[PDB]
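Novice: Take this structure, written in structure tokens, and hold onto it; I'll ask about it next.
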Amino acid sequence: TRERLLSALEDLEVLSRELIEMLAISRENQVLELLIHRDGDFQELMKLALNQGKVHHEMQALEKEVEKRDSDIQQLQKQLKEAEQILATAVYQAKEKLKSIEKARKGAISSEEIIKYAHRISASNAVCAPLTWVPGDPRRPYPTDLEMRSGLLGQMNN
Amino acid sequence: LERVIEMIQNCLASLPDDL
């Protein structure tokens with residue numbers, strides 16, 4: 001606290017100046033109080049100087065140590081974060097590939113179902129692949145126009 | 001997984017950055 005020490009020193013100096021002026025104008029308790037204030041100010045100044053040196057040394061040491069530790073920790077954290085991002089991208093690609101492989105292996109078509117579809121579809125153009133059958137060609141899913149729209153679904157089943 | 005060894009080098013980089 002530089003403010004308190006400066007105030008004490010200024011008060012001691014003012015008391016000393018007043019005592020000197022009184023002694024010069026003349027030819028006790030005031031001088032004793034001024035001397036006690038000056039001694040207390042000197043002791044407080046010495047103690048504050050020692051404490052300030054100690055605090056400066058400790059602040060420099062702690063600043064250097066904390067800067068080194070924080071720089072090391074931040075560098076390690078950034079490196080670990082980049083490595084974890086790379087590993088997470090790799091694991092995400094691997095999980096996507098594994099899900100695709102599972103959907104490819106666990107899912108399959110039935111031979112008997114396809115054989116029955118071919119045996120029952122060889123009558124009309126329902127699920128048969130024509131020669132010029134591109135996406136959006138005249139091939140449709142319905143068996144016929146009159147057999148589906150005007151057939152049993154439209155007449156008997158409405 | 002071999003790149004993990006590179007991260008292990010970062011651990012060495014953690015040793016050299018401490019001085």
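Convention: chains lettered A, B, ... in structure tokens order; per-chain residue numbering from 1; ligands numbered from 1 as shown.
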Can you build me a table of chain A residues sitting at most 10 Å from chain B, with the closest atom pair per residue and its distance in Å to one decimal, using only C-alpha atoms, sorted by chain and residue number, as a Markdown table?

Specialist:
```
| residue | atom | partner | partner_atom | distance |
| --- | --- | --- | --- | --- |
| A:68 | CA | B:18 | CA | 6.7 |
| A:69 | CA | B:18 | CA | 7.4 |
| A:71 | CA | B:17 | CA | 8.3 |
| A:72 | CA | B:17 | CA | 6.1 |
| A:73 | CA | B:14 | CA | 8.3 |
| A:75 | CA | B:14 | CA | 7.7 |
| A:76 | CA | B:14 | CA | 6.3 |
| A:79 | CA | B:10 | CA | 7.0 |
| A:80 | CA | B:7 | CA | 7.5 |
| A:82 | CA | B:7 | CA | 9.6 |
| A:83 | CA | B:7 | CA | 6.8 |
| A:84 | CA | B:7 | CA | 9.8 |
| A:86 | CA | B:3 | CA | 9.5 |
| A:87 | CA | B:1 | CA | 8.8 |
```

Novice: Would you mind reading off the distance between CA of residue 47 (chain A) and CA of residue 62 (chain A), one decimal, in Å?

Specialist: 22.0 Å

Novice: List as a ChimeraX atom specification the protein and nucleic acid residues near residue 147 (chain A), meaning an atom at most 12 Å away when only C-alpha atoms are counted, but skip any in the same chain fewer than 5 places from it.

Specialist: /A:123-126,142,152-156
